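Each chain, letter by letter, is given below.
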Amino acid sequence: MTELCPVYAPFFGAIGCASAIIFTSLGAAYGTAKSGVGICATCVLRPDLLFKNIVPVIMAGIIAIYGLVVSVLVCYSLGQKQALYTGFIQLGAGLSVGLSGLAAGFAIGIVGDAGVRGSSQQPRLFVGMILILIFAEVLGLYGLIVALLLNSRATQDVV
Amino acid sequence: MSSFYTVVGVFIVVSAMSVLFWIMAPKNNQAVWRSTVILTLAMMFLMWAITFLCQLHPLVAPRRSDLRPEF
Amino acid sequence: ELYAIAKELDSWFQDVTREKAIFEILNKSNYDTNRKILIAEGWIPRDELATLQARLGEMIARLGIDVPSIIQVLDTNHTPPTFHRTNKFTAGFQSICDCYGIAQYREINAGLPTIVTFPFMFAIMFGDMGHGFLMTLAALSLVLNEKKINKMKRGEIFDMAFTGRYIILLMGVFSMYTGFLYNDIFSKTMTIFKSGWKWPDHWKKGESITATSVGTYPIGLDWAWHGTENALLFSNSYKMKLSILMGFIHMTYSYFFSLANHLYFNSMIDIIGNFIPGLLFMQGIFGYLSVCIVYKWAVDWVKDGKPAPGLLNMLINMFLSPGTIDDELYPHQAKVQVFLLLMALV
Amino acid sequence: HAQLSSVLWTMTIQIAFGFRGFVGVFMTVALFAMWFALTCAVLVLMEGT
Amino acid sequence: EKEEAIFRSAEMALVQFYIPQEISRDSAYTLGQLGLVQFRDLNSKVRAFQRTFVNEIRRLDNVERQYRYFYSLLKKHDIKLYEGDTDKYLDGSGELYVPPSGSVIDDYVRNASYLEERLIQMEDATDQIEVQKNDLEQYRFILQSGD
Amino acid sequence: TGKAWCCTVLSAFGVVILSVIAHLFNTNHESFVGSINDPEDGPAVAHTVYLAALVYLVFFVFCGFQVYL
Amino acid sequence: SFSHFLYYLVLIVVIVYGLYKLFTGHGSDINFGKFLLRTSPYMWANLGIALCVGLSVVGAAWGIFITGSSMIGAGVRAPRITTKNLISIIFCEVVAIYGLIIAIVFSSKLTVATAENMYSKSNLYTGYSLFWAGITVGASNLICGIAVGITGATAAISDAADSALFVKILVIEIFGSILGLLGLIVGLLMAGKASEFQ
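An account of the accompanying structure is given in this report. (Residues numbered from 1 in each chain as written, not as in the entry; some residues may be left out. Chains lettered and ligands numbered in written order. Part of a larger assembly, values for the part shown. Heavy atoms only, no water. Residues with missing side-chain atoms left out of burial classes, pairs and counts.)

Turning our attention to the overall build of chain B. In terms of regular secondary structure, chain B is built from two helices and one strand. Its helices and strands in sequence order give chain B the pattern α-α-β, from N to C terminus. Over its C-alpha trace chain B gives a radius of gyration of 19 Å, far above what one expects of a compact globule, namely 11 Å for 71 residues. Overall size of chain B, expressed as C-alpha extent along the three principal axes, is 60 × 25 × 20 Å. (Helix = DSSP H or I, 4+ residues; strand = E, 2+ residues; numbered from the N terminus. Rg over C-alpha atoms; globule rule 2.2 N^0.38 Å.)

What follows is the structure in structure tokens.
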């Protein structure tokens, strides 16, 4: 165990690989669950909209995709003798993608539920929901991006 | 051997052809033709020039530790 | 009875809905009780006006009755309706822009500029020749079979996709162009041109090698930094600056559209007190930032022996610490920055 | 978009190049099917939208 | 030559029609066939029930209600509506077509009312027979149950 | 016919793509066999990808014939 | 409440431990100064950058759901508001972009320090500065987003009620949307004199 590379440095990166998927899958599950509740409430009256009110459940899954990407990138930078700086960077990259995806999912759900419930009455609202949902989704993206940037430094110029 | 003057010359050519099209834009849907073609030329050129200028005098060089020595 | 009704129900419905529709329209007219004429005020395109008259004349020729002037153009200060003559190409973008709102009468239409700028800003956000080509083929499937798809019935999502078929075609074409400039085809890069980077003559397996600039890639991002450790650092810098420059250019174009609107409506006060001040405020800060970005790109700092100034730290100090420049981008940078800050604050 | 595309390439079709023989051919076919499905779905419609 | 109205909105003109009453019904039909005049509400201060052509609109509303009952019956019994007349009026071409005569519209109203009464009584009789059949079938099922 | 259309599209997209990839591997393209982590042998990956492309070509021809009929 | 019971138990345990260390002459053994000096500044910096982005995103998302859910409900009868009140959703998503921006700027200072110059005055200062600047930006953007979303929901409902109302409520949003900006500015001032880890 080096000064710069303690034995516990891999702890943070492995918790970051986990945090990215666990929290982007919490947000995606919340979004999918609420959007599905809305879809089941609406499609009882309007089944024809079902294969088009699935969009929020598709966006929530994309949050989970953003943390399966940050997790897989952070897991391949994990090493037995990888620096504590790299471990902190990998923890930060998973904290960022995972938390941003949680927020984005929690919002995608609440907004998809509202928009599917209202679109069964006002079809023109579908465009409004998808636009409010693309801005809830971009939050998660912004986390991934930060996470990605973090990983671009995690292993580089590191002794 | 290319510099910012390459971007300037490409700009001159693009502006010349844009003016040429404006003069020779079809009468039918003339506004659509002029706007679409000239704006497309302008933004294509701008993106190309941005991509070319970043590579003119880059402050960071490609660095990798994975190439096979045979290359 | 129901089969007898069904064979003619649609015709009866269409005929009665039209009669109810003509009687609602006449309901908007002022029936002059003393006379026996309805006064109906209607907005019609001026170019269509002649046609209107002709058709009305035809009606008279059909009826055979002699009536006084049935058309009288009127000059009233009433907000006329906004009408944009579109086609199968511009209809999609016009709908895109109209969803936000209806343009003011004779105001600069945002669909004409969106025809190109909405696909190209998407392409910047997309930038892949593979995905761009797939989308181009998807749009071509609708475009080439546009007649057949128009004849048939379409679902809401499919109807939206088909209406914006030319939108998607342009998005795919510009995505192909941008991905070529990004050198990104299905996440891979093309090696059409000689790279501007030369890797060391010899190295051992696993040895960190850095390339030397021997030239500039003609079109697009050099494929030399594909799969390289620092590739992301160059891509991020380039694309941040590209986005900033493109957005500033697209906002300046829109602001000059506002100027054109002011000129057309003869609102000189808007030009003096609304357009010029905001233009100076936006230029002096963010157009100055864009010019600094381009100039820093155009300057060989390593060869010149001068540090590469941080444009973000330059902009931050342009406000928080005026007159304090860590690295001089150009001569008299401090004075120019102070002058621009004063211009914005005025 | 670039990072997700590269990541999809690594996860789906890059592995196929690691296997040879009949197993390699079958893996290439199935993995390209999955890669194209996710590219058209995720990277063309979803990211595209 | 019509101006291109993509850069800016098409120039608009307000026009007064001094439509004689004896041809008013026809004039509107031409103004609706052209599809180019956006009419202003000159009676915007007049209440809906106090407007001049309220009674004709009420008659047409009753006819459209009867037709919406006919469609409901055509959907209750699996009878397909015969679509048509899409090319009959050449909608969107700007060309005029002889509008239905006032006598034709009066005949439509009268036939709609007559069919309304006929279908109401026929549906009532059919529903009575159907409920009797359902009751008898339930009684038969009860009787057929095993001891 | 929808299944046939989807399969033939997915088969042409993959005939072309895997043929190009196999050609690049056989020519030992740097972007494909230029890294130590990339497969050591180029021509063999090219052969495997060519066989996969031939399988996709069989699928393409079969599904195109199905669409035709 | 289980949560309140846990809080009380933790407080009692902390008090008892502190009193035991203090009475036994080992009060200095609970040395927050040593904890700060010996904890890696990398941890502080990375926590700051992650919490900045995450909390800015959390407030953006929290506001987007509050504004978005009230726009959708109000647009059932007045869909005209859907696009008009979408500026509200841009005031909620702009705080996130501020956080992202700060992350980018602060990530530039995430360099690798040498072993000997690891817990120095400059490196510890950079760790504290990037932790607390990220905390400030993230929490300010959180508050600004949640507050701007609450104003945007009110604005959407008012716009549905009457169009003329919207422009008057948007002003309130413009008042709230500045609160993240201020945080952003303050963050840039905190990590202003911070340097890359060396």
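Residue and element names in this part refer to chain G. Relative to the helices and strands, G99 resides in helix α5 (residues 86-107). Among the residues examined, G99 registers a relative accessible area of 0% and is labelled buried. Considered as a pair, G99 and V57 are 42 residues apart in the sequence and their alpha carbons are 7.6 Å apart. Ignoring anything within four residues of it in the chain, the contact list for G99 reads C52, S56, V137 and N141. (Buried < 20%, exposed > 50% of the residue type's maximum accessible area, 1.4 Å probe, protein only. Contact = heavy atoms within 4.5 Å.)

Now for a negative patch on the surface. All names here are of chain E. Taken together, the side chains of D124, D127, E130 and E137 make up a negatively charged region of the molecular surface. Assignment of secondary structure puts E137 in helix α3 (residues 102-144). Under the relative-accessibility criterion, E137 is labelled partly exposed at 34%. (Patch = residues over 30% accessible without salt bridge, like charges linked within 9 Å, V, L, I, M, F, W, Y side chains within 5 Å. Areas by Shrake-Rupley, 256 points an atom, 1.4 Å probe, with all protein chains shown as cover. Salt bridge = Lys/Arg side-chain N within 4 Å of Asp/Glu carboxyl O. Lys, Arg positive; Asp, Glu negative; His and termini not counted. Charge placed at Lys NZ, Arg CZ, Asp CG, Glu CD.)

In this structure, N53 of chain A sits in the loop between α1 (9-43) and α2 (55-75). With near-sequence residues (within four places) excluded, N53 of chain A lies in contact with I39, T42, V116, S119 and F126 of chain A.

With that out of the way, let us pick up the pairing of strand β2 (residues 37-45) of chain C. Within β2 of chain C, nine of the nine residues are buried, which leaves it mostly tucked inside the rest of the structure. The two faces of β2 of chain C match: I37, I39, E41, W43 and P45 of chain C on one face and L38, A40, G42 and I44 of chain C on the other face are all buried. Inspection of the sheet shows strand β1 (residues 30-32) of chain C paired to β2 of chain C by three bridges, in the antiparallel sense. Directly across from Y31 of chain C, in β2 of chain C, lies its bridge partner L38 of chain C. Where β2 of chain C meets strand β1 (residues 12-20) of chain E, nine bridges bridge the pair, whose relative direction is antiparallel. Counted as the bridge partner of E41 of chain C is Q16 of chain E from β1 of chain E. As paired strands, β2 of chain C and strand β2 (residues 38-39) of chain E are joined by two bridges and run antiparallel to one another. Each bridged residue has a counterpart across the sheet, and for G42 of chain C the counterpart in β2 of chain E is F39 of chain E. (Pairing = 2+ DSSP bridges.)

With that settled, the discussion passes to the layout of surface pockets. Counted as a void, the second largest pocket has a volume near 580 Å³. Lining the second largest pocket we find 28 residues, and of these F11, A42, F45 and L46 of chain B together with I249 of chain C sit closest to its centre. Looking at the lining of the second largest pocket, the elements with two or more residues in it are α1 (4-24) and α2 (30-54) of chain B together with α4 (111-126), α9 (231-264) and α10 (268-298) of chain C. Of all the elements, α2 of chain B adds the most residues to the lining of the second largest pocket, at nine residues. Residue composition of the lining of the second largest pocket, grouped by class: 22 nonpolar, six polar and no charged. (1 Å grid on protein atoms, 1.4 Å probe; cavity = no way out; pocket = protein on both sides within 12 Å on 5 of 7 lines; lining within 4 Å. Points joined across faces, edges and corners; volume = space filled by probe spheres on them. Nonpolar A, V, L, I, M, F, W, Y, C, P; charged D, E, K, R; others polar.)

For α3 of chain E, built from 43 residues, the straight-helix expectation of 63 Å at 1.5 Å per residue is met to within 8% by its first-to-last C-alpha distance of 61 Å. Within the span of α3 of chain E, buried status applies to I105, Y108, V109, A112, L115, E116, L119 and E123 of chain E. On the buried face of α3 of chain E, the contacting elements are α1 (2-27) of chain C together with α1 (21-34) and α2 (54-76) of chain E. (Expected span 1.5 Å × (residues − 1).)

Another aspect to go through is unusual backbone geometry. Residues and elements named next belong to chain C. Residue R106 is not a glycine yet carries a positive backbone phi of 60°. Classification of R106 as buried rests on a relative accessible area of 16%. Unlike most non-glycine residues, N183 shows phi in positive territory, near 50°. Summarising the element assignment, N183 is placed in the loop between α8 (165-182) and β4 (197-198).

Two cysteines form a disulfide when their sulfur atoms are joined by a covalent bond. All names here are of chain A. The tally for this structure, following the rule as stated, stands at one disulfide over all chains. Between the sulfur of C17 and that of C75 lies a disulfide, 2.1 Å long from S to S. Sign of the S-S torsion, about 75° for the bond between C17 and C75, identifies this disulfide as right-handed. Remark: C75 occurs in helix α2 and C17 occurs in helix α1; sequence separation between them is 58 residues. We classify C17 as buried; its relative accessible area is 16%. (Disulfide = S-S within 2.5 Å.)

A full pass over the atoms with the stated rule returns 49 aromatic pairs over all chains. Geometrically, the ring pair formed by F35 of chain G and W44 of chain G is edge-to-face, given 6.0 Å between the ring centres and 85° between the ring planes. Using a relative accessible area of 10% as the deciding quantity, one classes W44 of chain G as buried. Chaining the aromatic ring pairs together yields one cluster made of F186 of chain C, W9, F17, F32, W35 and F36 of chain D together with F13, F25, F32, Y56 and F59 of chain F. Just above the ring of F32 of chain F sits the side chain of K188 of chain C; from NZ or CZ to the centre is 5.0 Å. Across the ring face of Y182 of chain C, the terminal group of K239 of chain C is positioned such that the distance to the ring centre comes to 4.5 Å. (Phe/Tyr/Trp six-rings, centres within 6.5 Å; stacked < 30°, edge-to-face > 60°. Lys NZ or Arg CZ within 6 Å of the ring centre and 35° of its normal.)

Within β1 of chain E, eight of the nine residues are buried, which leaves it mostly tucked inside the rest of the structure. Two elements, strand β3 (residues 72-74) of chain C and β1 of chain E, share three bridges in a ladder whose sense is antiparallel. What sits directly across from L74 of chain C, in β1 of chain E, is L14 of chain E.

Moving on, we come to the interface of chain C and chain E. Listed as interface residues are 78 residues of chain C and, on the opposing side, 79 residues of chain E. For the side of chain C that touches chain E, the secondary-structure elements that each account for two or more residues are α1, β1, β2, α2 (46-63), β3, α3 (90-100) and α9 of chain C. Its residues assigned to classes, the side of chain C that touches chain E shows 38 nonpolar, 20 polar and 20 charged.

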